[PDB]
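Using ideal geometry, Cβ is built from the backbone for each residue, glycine included, and neighbour counts are taken over all protein chains shown. Just so it is clear, none of the values below were taken in a lab; they were calculated from the coordinates.
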4 protein chains.
Amino acid sequence: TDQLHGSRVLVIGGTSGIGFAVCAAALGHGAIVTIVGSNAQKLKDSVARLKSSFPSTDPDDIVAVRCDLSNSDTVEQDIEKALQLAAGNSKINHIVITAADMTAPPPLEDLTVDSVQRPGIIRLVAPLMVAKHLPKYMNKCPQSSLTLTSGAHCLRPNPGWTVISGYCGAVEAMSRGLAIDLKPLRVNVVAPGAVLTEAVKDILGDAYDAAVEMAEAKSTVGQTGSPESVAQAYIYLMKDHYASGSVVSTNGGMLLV
Amino acid sequence: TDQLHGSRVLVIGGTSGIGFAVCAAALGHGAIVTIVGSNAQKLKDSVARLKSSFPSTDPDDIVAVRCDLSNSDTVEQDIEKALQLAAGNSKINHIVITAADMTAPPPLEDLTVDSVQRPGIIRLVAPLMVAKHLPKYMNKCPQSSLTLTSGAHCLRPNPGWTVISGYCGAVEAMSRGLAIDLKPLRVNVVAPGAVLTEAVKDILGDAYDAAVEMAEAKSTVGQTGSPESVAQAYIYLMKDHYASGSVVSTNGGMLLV
Amino acid sequence: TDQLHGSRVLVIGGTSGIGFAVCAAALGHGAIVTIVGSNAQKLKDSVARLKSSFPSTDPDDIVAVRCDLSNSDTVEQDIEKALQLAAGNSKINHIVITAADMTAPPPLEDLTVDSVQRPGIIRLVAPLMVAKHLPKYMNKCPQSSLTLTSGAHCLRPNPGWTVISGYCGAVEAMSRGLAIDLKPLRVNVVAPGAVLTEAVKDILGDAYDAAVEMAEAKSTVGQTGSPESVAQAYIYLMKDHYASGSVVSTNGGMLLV
Amino acid sequence: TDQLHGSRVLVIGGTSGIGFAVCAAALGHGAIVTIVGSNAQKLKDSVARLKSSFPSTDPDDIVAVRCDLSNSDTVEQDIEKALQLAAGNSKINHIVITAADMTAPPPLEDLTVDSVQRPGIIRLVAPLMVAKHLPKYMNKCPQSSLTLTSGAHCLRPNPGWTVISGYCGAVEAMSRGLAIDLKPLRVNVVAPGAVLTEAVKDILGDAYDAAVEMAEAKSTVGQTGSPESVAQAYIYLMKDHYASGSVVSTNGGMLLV
Ligand SMILES: NC(=O)c1ccc[n+]([C@@H]2O[C@H](COP(=O)([O-])OP(=O)(O)OC[C@H]3O[C@@H](n4cnc5c(N)ncnc54)[C@H](OP(=O)(O)O)[C@@H]3O)[C@@H](O)[C@H]2O)c1
Ligand SMILES: NC(=O)c1ccc[n+]([C@@H]2O[C@H](COP(=O)([O-])OP(=O)(O)OC[C@H]3O[C@@H](n4cnc5c(N)ncnc54)[C@H](OP(=O)(O)O)[C@@H]3O)[C@@H](O)[C@H]2O)c1
Ligand SMILES: NC(=O)c1ccc[n+]([C@@H]2O[C@H](COP(=O)([O-])OP(=O)(O)OC[C@H]3O[C@@H](n4cnc5c(N)ncnc54)[C@H](OP(=O)(O)O)[C@@H]3O)[C@@H](O)[C@H]2O)c1
Ligand SMILES: NC(=O)c1ccc[n+]([C@@H]2O[C@H](COP(=O)([O-])OP(=O)(O)OC[C@H]3O[C@@H](n4cnc5c(N)ncnc54)[C@H](OP(=O)(O)O)[C@@H]3O)[C@@H](O)[C@H]2O)c1
Ligand SMILES: C=CC(C)(C)c1[nH]c2ccccc2c1Cc1c[n+]2c(c([O-])n1)CC=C2
């Protein structure tokens, strides 16, 4: 008797990192999960590793579709097709969007007009395209939810990441606009702090151990966030039929020191 | 394997409304719950309704204590007594504080020095006495949590409830200080919107019908919040081992209209 | 064309530090200023320092009265006395409240019920007593303003000042309620960061030099705040007839490092 | 003997509305002002109306440049040209950015990938291009400032304006990143509420008299905002050498009802 059992959850960005943990958490509650990513080989491994963790579950409750949401001529159709597949002959109950490139941007001296606009494709256009088309594949009711992702660097930005912190503030304001545009559907944002995903190990390279320590030190929990803890923020937003227009911040007290 | 199965949960203010729903939710995860309130027979009726809804659980896992937390002479000893009792032969894992007087304040013209300071006994002293004494009954680790209660009236005050909005802002700011003082234990706040508890009908009396309608209209969801929905925010904070220093706002989008 | 020329401004806490700079700044615009403080000796030095710096100004446009606003028997009378004096045969145009005890609080193992409530007299009751009685001495119009004082430690608390952070959080929520209670009169808050007042050397004593340069190092400006500069935040709120319900944070980027 | 005398102020977007009122305020303090807009006839009207209001002023203290910053081909080059002219034989002291198209966006039903990305050139790319090049034309010191513009719809979105609310959230978060990147130069944001500029009268058309009554009614001041009033927030940020990373919200208390 779990409230998320019959429910269909679409995770855009669920092939690795935080979004992948949300797929795992939703499956533990008995949900039907649809996963979206651009990497065909990450997509394939994601689905296999979830079936290994949940062998009881029907494989037809774990479906995956490949979309490159960074291409303007394709974002809109790939969003619509992923909404169609997540719905089946029913409607989607919850959508989660963690998808992002997370590659270090250029410094200020090399800043080009395309390096600013290119991230807005996946971070801004794709979520607005989800809102444009979700009414045909979702019921606009308070039991259904759309959740976007932001970060603590919206408020305490990292050096050289001003453009991405800008886009994190855009997602937060945007979610409030969508909570009105799509009312009574619920729209919220999760703002995570330092989460040790495999993408963050790639950006940091050989500076990974010096940045982890620092992160650890500049937090009240004295820890980095595990994807399985941050994933509970997304589950909470699916279960609280009264949460809309909010930011759920999970950052280990990082904003207090 | 649920992290809240063996866990000891102290709900200060769990005899009615939001706190009671938090006990039901915690028991649903199999937790051991200790309840605190001032009304001796609200105590035995609350406990009886949870044992009847969860006959699976041993009856010695639902315990209640009576405390008057509005009385400065006794606040500290009754807090220490409730903490000793909820810990048992073990330590406390999570504490939730929803306790509040819930009596209509005077309008500003008839403001008296006592009407300002008396609400601070249950709203400020009682949580600080918990923080003062919990290290002897709790492990200061990120797996443990203390959660206080705030409200949307901190940002959209309700005329003339300026004094109560003041204390909600104090609770939010005090929780951030406690996240520093009690680290690496986690301290957070839940800020509910309009929750139709049986207490709010007493405060409103015959103007309840009209208020409800206004509250449903000032929201994206077109409804008031159920206590069992808002209770999921408290459950989320117990399970997200990375959340500290944060505010979980569940208000139905009322801050957006 | 200066609109603070004919202006009557009451600065509660204007004998030293930030409040004193607001009196100096207001006098520079030619306003009539009334000062409130507890120290008798300090009051007559305050006015002597302003009359020498503004000798053209009629010395009767600089008045001071002594009140003990930490004092429950007298807070309301003293407030009514100061409002009556600043109004004269006219009305007060702007009120600024910087008054605070500025005494180091106890650590949390010796927290007393009185150490929680005793700061609340000057920080919460006195401004609420100003709001109660100001309608008889002010025109409730958008050209008039009430400005309270908070701090950046409301969001980044300083250990162990959790209680003082609580009251700063209360002042921020109280201002918003009073912006509604006293509409269309304007109510706002200034939240300063690190300002080297002579009181701050008293609190820290011999630890002053290790904290200053640590305050200077953990700021974007790399400097501590001058009472000159933060005083301009109060002047701004007096001149902007559209600012109400807001917090002016002047903190040198300290929430950014 | 005024702190803005002789000071060089660059106002990007100063031909109409809020920015023009900032130009007027600055000239009253004796600053040297450079005005930027795209409309050649608005620029020549700007300067003529400021010279008539300040005939004492040297005409060489009022300089104007025409730039279309909505086009990626020239935005960076034209920004550099505007910085070079505002610096002259000296360095720029303060930069203010109000520039934006202020044209109603399409409804969500017709949302196109280009309607989303196009406002980001003037709203995001141009400020980042200013930050990229201002160090050769400004001293990075706490007495100099860069101020951007946001809005109250970032927190209370206006229906159908979700995309613009996103960009205002991006500007608030980007200013914080720039307060870090440009340190110790000061970066802040002004977030205005409802200001009846001639651009707003254009969007509303025949709905102007019904929208003003709605704006005046959902405010504590019972008024729309004056451009003259809102401009004092920008002047304040130029004079407070301790303000950095902050948002000055001037909205008439609209976030409170
Ligand atoms: N890790 C942290 O500490 C942290 C902190 C704050 C905020 N965040 C934010 O949380 C979100 C996820 O972060 P993460 O650590 O979990 O990184 P991640 O593992 O790389 O997750 C990003 C997801 O987005 C997908 N994706 C990337 N590009 C795509 C594209 N063109 N089209 C479709 N899908 C695409 C990726 O799948 P494919 O690779 O298959 O395309 C991946 O599943 C990001 O917004 C991040 O900025 C992370
Ligand atoms: N309901 C809403 O819409 C709403 C909105 C925003 C914020 N809140 C806040 O959420 C919290 C709970 O609200 P609620 O609607 O659930 O009201 P509630 O049902 O009356 O819950 C209050 C709990 O605290 C206990 N309590 C009250 N006074 C006490 C005292 N002196 N000593 C010990 N225990 C005491 C009560 O038990 P006893 O009666 O036995 O004493 C009760 O269990 C409150 O802080 C409220 O201000 C509520
Ligand atoms: N300095 C900082 O870094 C900082 C940072 C954040 C917030 N703040 C807040 O800014 C405000 C002023 O700080 P400050 O540095 O300017 O300290 P300050 O110079 O000591 O100013 C405090 C004012 O309040 C008066 N006062 C103290 N006790 C009083 C009492 N019982 N009754 C009436 N008046 C009393 C004082 O006058 P008497 O001595 O004559 O009583 C004085 O004029 C305070 O609220 C402070 O909490 C300061
Ligand atoms: N008015 C309000 O109620 C309100 C509320 C919240 C936020 N805001 C924001 O405050 C800022 C100013 O608003 P406003 O009412 O003052 O509107 P406005 O009068 O239209 O001012 C916009 C300025 O930006 C210039 N501009 C527009 N496009 C340009 C382009 N491609 N290249 C160069 N300059 C360009 C305009 O000059 P040209 O016409 O010559 O190109 C004009 O001077 C905007 O960011 C607005 O969104 C306004
Ligand atoms: C948002 C646009 C509309 C058309 C709704 C609008 N409606 C109005 C009614 C009265 C006065 C001004 C307006 C405006 C202009 C305006 C207003 N606001 C912001 C902004 O960017 N532009 C940010 C917060 C308010």
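Couple of notes before you dig in:
- Test item: A:177-189 mean partner chain Cβ contacts at 10 Å: 6
- Adding -39500 (n - 2.57) for every DSSP H run of four residues or longer, then dividing by how many residues chain C holds, sets the calculated 222 nm ellipticity at -12000 deg cm²/dmol.
- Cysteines, chain A, no other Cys beta-carbon under 4.7 Å: A:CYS23, A:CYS67, A:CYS141
- Local net charge near B:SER72, Cβ-Cβ under 15 Å (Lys/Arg +1, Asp/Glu -1): -4
- Spatial offset of the range A:210-226 relative to the range D:65-93 amounts to 42 Å, using the alpha carbon center of each.
- Among the listed pairs A:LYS132/B:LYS218; C:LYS136/C:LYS183; C:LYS218/D:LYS91; D:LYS81/D:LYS140, those whose Cα-Cα separation exceeds 22 Å are A:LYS132/B:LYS218; C:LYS218/D:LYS91.
- Counting only other chain Cβ atoms within 10 Å of each residue's Cβ, the peptide A:105-111 averages 3.
- Pairwise label distance in nanometres, B:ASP68 with C:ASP73, each label 7 Å out on the Cα-Cβ vector: 2.7 nm
- Charge context of C:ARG156, other residues only, Cβ under 15 angstrom, K/R +1, D/E -1: +3
- In degrees, nearest ten, helix A:162-181 long axis to first principal axis of chain A (Cα): 30 degrees
- Its relative contact order, with pairs defined as Cα atoms under 8 Å and 6+ residues apart, puts chain A at 20 percent.
- Plainly put, the tip 7 Å out from Cα toward Cβ on D:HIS5 is 1.8, 7.9, 8.0 nm from that tip on each other copy, the closest given first.
- Using alpha-carbon coordinates, inclination of helix D:17-28 to the longest axis of chain D, degrees: 30 degrees
- Averaged over peptide C:23-30, the number of partner chain Cβ atoms lying within 10 Å of each residue's Cβ comes to 0.
- Pair D:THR1, B:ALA40: separation of 7 Å Cα→Cβ label points (nm): 7.5 nm
- Residues C:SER56, B:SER144, B:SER38, arranged from fewest to most other Cβ atoms within 10 angstrom of their Cβ, appear as C:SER56, B:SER38, B:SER144.
- Computed from backbone phi, the HN-Hα couplings of the range C:55-60 come to x, 3, 5, 4, x, 8 Hz, rounded to whole numbers (Karplus: 6.51 cos²θ - 1.76 cosθ + 1.60, θ = phi - 60°; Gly and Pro given as x).
- Between the beta carbons of B:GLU216 and A:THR112, assuming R0 = 56 Å, the FRET efficiency works out to 0.65 to the nearest 0.05.
- Here's how it looks for C:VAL187: its modeled amide H is under 5 Å from those of C:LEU146, C:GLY245, which are all 5 or more places away or on a different chain.
- Among C:43-50, A:162-169, C:24-31, sorting by the average number of other beta carbon atoms lying within 10 angstrom of each residue, highest first, gives A:162-169, C:24-31, C:43-50.
- Label spacing, shortest first and in nm, from B:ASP61 to its equivalents in the remaining copies (7 angstrom along Cα→Cβ): 2.4, 7.5, 7.9
- A simple spin-label model places the labels of D:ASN139 and C:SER226 1.3 nm from each other, with each point 7 Å out along Cα-to-Cβ.
- For the protein assembly as shown: rounded, prolate or oblate by the Cα gyration tensor [a/c cutoff 1.5]: oblate
- In terms of other Cβ atoms within 10 Å, B:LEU196, D:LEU128 run from fewest to most in the order B:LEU196, D:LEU128.
- On Cα atoms only, tilt of C:40-53 relative to the major axis of chain C in degrees: 70 degrees
- In order along the range A:238-248, phi translates into HN-Hα couplings of 6, 8, 7, 6, 10, 8, 7, x, 10, 10, 9 Hz, rounded to whole numbers, per the Karplus curve 6.51 cos²θ - 1.76 cosθ + 1.60 with θ = phi - 60° and x for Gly and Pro.
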